[PDB]
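Undergrad: Attaching a single structure in structure tokens format; questions to follow.
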Amino acid sequence: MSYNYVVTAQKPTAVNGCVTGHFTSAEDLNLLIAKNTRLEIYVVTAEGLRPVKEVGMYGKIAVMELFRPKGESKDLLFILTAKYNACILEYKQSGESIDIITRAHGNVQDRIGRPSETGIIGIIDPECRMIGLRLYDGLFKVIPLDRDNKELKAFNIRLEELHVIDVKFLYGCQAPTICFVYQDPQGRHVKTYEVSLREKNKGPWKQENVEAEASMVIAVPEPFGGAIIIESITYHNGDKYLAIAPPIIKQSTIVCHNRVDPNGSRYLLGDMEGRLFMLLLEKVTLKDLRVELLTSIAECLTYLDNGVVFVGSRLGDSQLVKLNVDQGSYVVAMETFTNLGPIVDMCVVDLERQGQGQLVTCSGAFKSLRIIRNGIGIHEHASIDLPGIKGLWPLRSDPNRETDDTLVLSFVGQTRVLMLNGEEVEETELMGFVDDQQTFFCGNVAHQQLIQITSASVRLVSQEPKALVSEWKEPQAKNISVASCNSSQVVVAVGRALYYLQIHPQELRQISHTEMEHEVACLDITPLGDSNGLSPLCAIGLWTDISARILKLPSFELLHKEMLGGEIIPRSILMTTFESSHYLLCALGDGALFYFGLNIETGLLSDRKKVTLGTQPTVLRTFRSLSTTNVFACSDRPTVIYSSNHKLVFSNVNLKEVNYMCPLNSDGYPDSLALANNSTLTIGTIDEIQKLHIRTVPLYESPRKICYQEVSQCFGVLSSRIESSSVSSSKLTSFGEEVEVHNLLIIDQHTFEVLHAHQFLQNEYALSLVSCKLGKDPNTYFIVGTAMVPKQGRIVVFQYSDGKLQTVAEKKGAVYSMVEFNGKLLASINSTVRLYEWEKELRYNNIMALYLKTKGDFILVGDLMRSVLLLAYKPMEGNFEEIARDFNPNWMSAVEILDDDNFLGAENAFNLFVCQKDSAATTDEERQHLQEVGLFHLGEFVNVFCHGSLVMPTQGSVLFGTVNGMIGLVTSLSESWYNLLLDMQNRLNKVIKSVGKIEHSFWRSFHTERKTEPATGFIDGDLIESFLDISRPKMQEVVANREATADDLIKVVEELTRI
Amino acid sequence: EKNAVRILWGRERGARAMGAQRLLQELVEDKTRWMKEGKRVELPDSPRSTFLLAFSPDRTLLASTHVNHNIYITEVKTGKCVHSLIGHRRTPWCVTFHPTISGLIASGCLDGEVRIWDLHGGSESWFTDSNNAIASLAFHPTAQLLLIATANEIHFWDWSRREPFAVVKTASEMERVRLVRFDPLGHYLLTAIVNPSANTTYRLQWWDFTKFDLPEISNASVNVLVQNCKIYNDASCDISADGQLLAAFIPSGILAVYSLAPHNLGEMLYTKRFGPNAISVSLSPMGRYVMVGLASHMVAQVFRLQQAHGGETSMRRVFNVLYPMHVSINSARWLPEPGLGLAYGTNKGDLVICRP
């Protein structure tokens, strides 16, 4: 009765591995980015990085290295899933369809192994004689690489060094030789072994001692021989010894390393402080070592070629720097990815007070805000400071050679013609129209003529003669109110009468004349099917009666009409075909939009629904972004009417205000679209209706949370740096301690410029910020929590003012977390819940919390210690009561409430579980246990949960950000639809099993190292969204054995992709 | 910073500065040392006593032996008795879970009968030739094997065959084989043998079973790690999950920690002095806290390792674990995941799971 649906909107983008090789082909070097769950296959060129195949493999990549087996044409790839699902992958290059053929597969998981402290790493013998994987401590699993062993039958070999920091295979040796540094409790040492296959030894040199702050290993290639251990960079090969102690290196540590050239005369070392070191060696036995200093933070460096170095950052935007030989520095950035990494938190804000919402994230760290929306973005190209325009329509002043070279702008009572000779915007009038009269249409119809339908008289000016050929005017000296002419006929309405004119060769001929009951509001004639310019039907609106009717254009005879409520006249009405069924759009002056289906033959009144829009009048207009043309709405809340399968979407747009729109196809602007406003002129292309746009604003600090302000129109962001304004005055220490300097950056929502910074005390970690309305005081606050780690804790009530932050009250230990419940703050920390309230002050079970969340209800979800806790606030009692506590402890990371029953949750083992109060017995003896009504393994580190949605049959929604930068949605649904769809849930297994021959239920399992249970009611949205990607011949046999229609379920499922 | 946040901030920020997860679980063990309950479980029958708890490696279920000649299987979370293994005509003496194959458990009784049980269905049973008392059992994690020691004979039997394959015996009949156990890696084997002559002294011999060579345990001077050790049951010695830590009694009962790393193998790291009431020990999953059941309230104790020098002050007393009632603790063990709690058995016939 409560069954969920998980789907991801933005995939992870944090970088974890950048091993380079020849995976695509022997003659094409690749870069092999490895995100959390999906590996991106790029090919590096002179320009930069180019994706060729973005394979999302069903696994969490942990160990990944390219090796070349003997007798193999191309180097293979060894993906080690974080669940030990080791597979020797091989790129299958056949044709347009490309898949990942598994050479060998097998779960190499060990039921008794314990992962080594310093992560999981794997190495390959240089002569491909062996695969060595360091999964468990003191357990060097060895996989022979014979042509046999397709099941990957591994075996274990004991290691004397239980704790190993880094391990490699030394070059230039007969037997498999291994070099590595371990951490035996006497400084740090190095050892050598010869790995025996049959026996399952001694190395070239014995064990010595090295620096205790040296951890990284660089094994030099064959020409030199030996290994370099990394303020101490040594070198070791037999008995020869070398060591240097530069002073520059002592500032911080080094994390990245890789060989630069086969000779071994140069190396790369990446510092944690965004410093690019440069190791050098002088040429056999070398003489001495040397260090050099020449960027953003790097997690895995990879020297590509010709000075191009990929700076893969898991902490921030990964860069693509260049190292020039010639401020005299040699670190210049060329590319900067938009990779949202450490999404620490976010919130949903409606800046424009419209239906759609927005997300503001805090990405990056140390050395942070980004804006997340859902509408289609437009990149402005040319800006003109022009006044208000009454309309916009492209004009083809040239002959029938496609494109356009003229723009027509209509003022309140004037028509200014603009000429665009490329990127220039010059207002040049043509001698075929009137520039002092408002024109309702200035397009071209046929016969190389531009129809100028004005309020006074309809004019037709030939493009070649550049002069008016004919002029049709009503024989009553009345201004034209509504006009319509698409390609071959003119349907204009003057007052209560409408006249039909045909676009003849250099002549206008009236074809029909009729009068309506009420005054015509708008006229729209357009072919919605097999019609070449000659529109069969014709739409007309009424103002006195506010009704929409459909009539035949040739005779102006009404066919059907639909009644509407209210008294607002329809601002615009349009009918067009965008899918298998034509749709008719009706828009009112107040912004109400009615969408109904239309038939090109009859035009019966199909289903009609009320769609909200901006408060300003809406003028419907179609846009050509993709092969399937979409409609665009111009109002205070602009939106684009796109579609997915058969239903019209209403995705918003990236603009402040829109007054008019017009497609453009000029030479200087191929896919641009004219945009109008009160005083503005912008252009844009738009391709999809689901891309998310990101705007950046760096802060160079470590943020913790964020909250929006509704009355001051400015965000607030916590700062914590390590080294307008304000300083704390807390009037209520060794030289080397743990102290951070904190601020509070108030970012304007208009100029994106910080306006204040409240510097706090030293050695006080304030990581909380809440915006609410505490108590009866109408003033809106910026409540910030401050914690020192803990015998003290204070909270600053940052009552905002015109320009100065203020404090109202201060009020044993470090508080953990609390958000406003209804109008109060009664936190639950330090093993004691509270009953606080807002004198302008802030004035027991062992309840301490780490994460806290609640919906507007009295229902509250928390966590005491590694368990989802549900708390109810009883207003009669005014405290918290433990309703039902979830057992089976999990290391939680973020918690949310879906509805009154389903409780969404996540934990550090990358798994999601939902609790629910299923019916039970014994009054209250087992109801306190929340039986998990679901188990799902997501594969990401969900960090923050928030309600809201990016759009305007579940009741509610939820968003969650990850540590790798993934956003997604979770819903809930009854058992009736679930149980019927449960049988066909596994139907997709037959057509495709997996990418690496992995069991479907194995991903449906609970991949924690202790348990394993198939998914219970967690319906995936990733697999089902791939149902539409299945080829049509392959789609036929699936769901083929009440009517059992081929596309019956697609309509039933196409409503899911709109969630 | 000694906070969950900054360690976790580094974690969620994708900075793979490993060891933080180790430290976080170090913190929660430190945190859980301050928090406080006694939850019982029903049984299909009323056994007089509960012996030899043994936790699952997947934590799905929990077997336990009782004087009623039956083995009760209980789920940890629900605390509901699900299965009751029956078929032993005598009380089982050794029960061990299977690390790899789920649900395949063995149990041996004082009558010389071993029974390999499966929850899904089916069972096997073998009989000792002279129905002697069974001493200890030890499953082989990776290899298909379970070693059987009864008086002084080590039986090498594969359950795929009806009869044991190899038969290896000590130097003397009185040189009894008391305890056998593989390590959490399966690389080394610890064999407890009584010393030639209560003050019954035993020794530990450290055989490398990497090559599956039959251990010539007749020699009392080869691969010896402990000259004298007090052993009465199989729970008196245990190896940490990491396998680098070990606890074993020594005579003047003195509990001492010996590093299992080859660099200082046999070196005595930490020590404390205990009375004769000390019976069984158990190490926390990350090798920092030790649980010990005590015989007759203060029935259990927990300690913490601070510095390794071999002196008395190596650990410090933390707190006590009580039971909602003389009562002597028979068995106890840390739950597989750190910080969850602990389960134990009672000489009076009780199974109580305690959590903070």
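By order of appearance in the structure tokens: chains A, B, ..., then residues from 1 within every chain, and ligands from 1 in the order shown.
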For chain A, list the residues within 6 Å of chain B, counting only C-alpha atoms, and write the list as an NGL selection string.

TA: :A and (111-112 or 117-118 or 160 or 314-315 or 342 or 888 or 963 or 1010-1011)

Undergrad: So that I have them on file, write out the residues from the current selection with C-alpha atoms, as a short mmCIF file (atom, residue, chain, number, x, y, z; two decimals), in the first residue's frame.

TA:
data_model
loop_
_atom_site.label_atom_id
_atom_site.label_comp_id
_atom_site.auth_asym_id
_atom_site.auth_seq_id
_atom_site.Cartn_x
_atom_site.Cartn_y
_atom_site.Cartn_z
CA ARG A 111 33.76 -13.67 3.35
CA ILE A 112 36.50 -13.12 5.97
CA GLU A 117 42.90 1.20 5.84
CA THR A 118 44.44 3.18 2.98
CA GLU A 160 54.21 -10.16 6.16
CA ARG A 314 36.92 15.56 -6.08
CA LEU A 315 36.82 18.71 -3.93
CA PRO A 342 30.51 18.23 -2.24
CA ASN A 888 18.92 -2.78 12.48
CA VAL A 963 28.74 13.65 -1.93
CA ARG A 1010 26.66 -8.18 6.23
CA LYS A 1011 23.23 -8.60 4.60
#

Undergrad: With a distance cut-off of 10 Å and only C-alpha atoms, select the neighbouring residues of residue 182 in chain B, excluding the residue or stretch itself and same-chain residues fewer than 6 positions from it, and output the selection as number ranges by chain.

TA: B: 137-141, 147, 188-191, 209, 238-239

Undergrad: Write the residues of the preceding selection, restricted to C-alpha atoms, as a CSV table (one decimal), in the first residue's frame.

TA:
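Dumped everything to part_15.csv:
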chain,number,residue,atom,x,y,z
B,137,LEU,CA,35.7,-27.6,16.2
B,138,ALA,CA,37.0,-25.1,13.6
B,139,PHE,CA,35.6,-24.5,10.2
B,140,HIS,CA,38.0,-23.7,7.3
B,141,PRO,CA,36.8,-20.4,5.8
B,147,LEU,CA,38.6,-29.9,11.7
B,188,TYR,CA,47.6,-19.4,10.5
B,189,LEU,CA,46.2,-22.1,12.8
B,190,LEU,CA,46.3,-22.0,16.6
B,191,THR,CA,46.5,-25.4,18.4
B,209,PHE,CA,48.3,-23.9,7.2
B,238,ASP,CA,39.7,-15.1,20.3
B,239,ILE,CA,41.3,-13.2,17.4

Undergrad: Extract, using only C-alpha atoms, all DNA, RNA and protein residues at most 10 Å from residue 832 in chain A, discarding same-chain residues fewer than 3 positions from it, and format them as a list in words.

TA: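 Those residues are residues 827, 828, 829, 844, 845, 846, 847, 848 and 849 of chain A.
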
Undergrad: Could you write out that same residue set with C-alpha atoms as a PDB file, in the first residue's frame?

TA:
ATOM      1  CA  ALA A 827      16.431  21.691  19.833  1.00  0.00           C
ATOM      2  CA  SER A 828      17.247  18.056  20.631  1.00  0.00           C
ATOM      3  CA  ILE A 829      20.957  17.740  21.447  1.00  0.00           C
ATOM      4  CA  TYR A 844      14.806  14.756  30.361  1.00  0.00           C
ATOM      5  CA  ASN A 845      15.413  11.788  28.073  1.00  0.00           C
ATOM      6  CA  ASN A 846      18.955  11.112  26.853  1.00  0.00           C
ATOM      7  CA  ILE A 847      18.121  12.205  23.310  1.00  0.00           C
ATOM      8  CA  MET A 848      21.031  13.509  21.234  1.00  0.00           C
ATOM      9  CA  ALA A 849      20.751  14.055  17.491  1.00  0.00           C
TER      10      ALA A 849
END

Undergrad: Quick one: residues within 10 Å of residue 219 in chain B, only C-alpha atoms counted, chain neighbours fewer than 3 positions away excluded, as number ranges by chain?

TA: B: 170-171, 205, 215-216, 222-224

Undergrad: So which residues touch residue 589 in chain A within 8 Å, counting only C-alpha atoms, skipping near sequence neighbours fewer than 2 positions away, as an MDAnalysis selection string?

TA: chainID A and resid 568:572 587 591:592 616:618

Undergrad: Filtering to N, CA and C atoms, could you give me those residues as a PDB file, in the first residue's frame?

TA:
ATOM      1  N   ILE A 568     -12.899  37.388 -18.047  1.00  0.00           N
ATOM      2  CA  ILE A 568     -11.660  37.809 -18.689  1.00  0.00           C
ATOM      3  C   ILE A 568     -11.672  37.358 -20.143  1.00  0.00           C
ATOM      4  N   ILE A 569     -11.437  38.296 -21.051  1.00  0.00           N
ATOM      5  CA  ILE A 569     -11.401  37.963 -22.480  1.00  0.00           C
ATOM      6  C   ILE A 569     -10.165  37.121 -22.768  1.00  0.00           C
ATOM      7  N   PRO A 570     -10.206  36.220 -23.750  1.00  0.00           N
ATOM      8  CA  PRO A 570      -9.022  35.401 -24.056  1.00  0.00           C
ATOM      9  C   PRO A 570      -7.923  36.252 -24.675  1.00  0.00           C
ATOM     10  N   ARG A 571      -6.755  36.262 -24.029  1.00  0.00           N
ATOM     11  CA  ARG A 571      -5.632  37.044 -24.538  1.00  0.00           C
ATOM     12  C   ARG A 571      -5.167  36.519 -25.891  1.00  0.00           C
ATOM     13  N   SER A 572      -5.055  35.200 -26.025  1.00  0.00           N
ATOM     14  CA  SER A 572      -4.619  34.594 -27.273  1.00  0.00           C
ATOM     15  C   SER A 572      -5.137  33.166 -27.350  1.00  0.00           C
ATOM     16  N   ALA A 587      -5.690  30.921 -24.128  1.00  0.00           N
ATOM     17  CA  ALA A 587      -5.059  31.689 -23.063  1.00  0.00           C
ATOM     18  C   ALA A 587      -5.897  32.921 -22.762  1.00  0.00           C
ATOM     19  N   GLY A 591      -3.931  35.317 -17.524  1.00  0.00           N
ATOM     20  CA  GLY A 591      -2.885  34.311 -17.510  1.00  0.00           C
ATOM     21  C   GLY A 591      -3.380  32.882 -17.507  1.00  0.00           C
ATOM     22  N   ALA A 592      -4.689  32.650 -17.426  1.00  0.00           N
ATOM     23  CA  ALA A 592      -5.211  31.291 -17.445  1.00  0.00           C
ATOM     24  C   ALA A 592      -5.029  30.677 -18.827  1.00  0.00           C
ATOM     25  N   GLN A 616       0.696  38.302 -15.926  1.00  0.00           N
ATOM     26  CA  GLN A 616       0.576  39.142 -17.103  1.00  0.00           C
ATOM     27  C   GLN A 616      -0.103  38.379 -18.236  1.00  0.00           C
ATOM     28  N   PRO A 617      -0.634  39.095 -19.227  1.00  0.00           N
ATOM     29  CA  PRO A 617      -1.272  38.412 -20.361  1.00  0.00           C
ATOM     30  C   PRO A 617      -0.282  37.520 -21.096  1.00  0.00           C
ATOM     31  N   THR A 618      -0.774  36.372 -21.552  1.00  0.00           N
ATOM     32  CA  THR A 618       0.053  35.371 -22.211  1.00  0.00           C
ATOM     33  C   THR A 618      -0.262  35.337 -23.700  1.00  0.00           C
TER      34      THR A 618
END
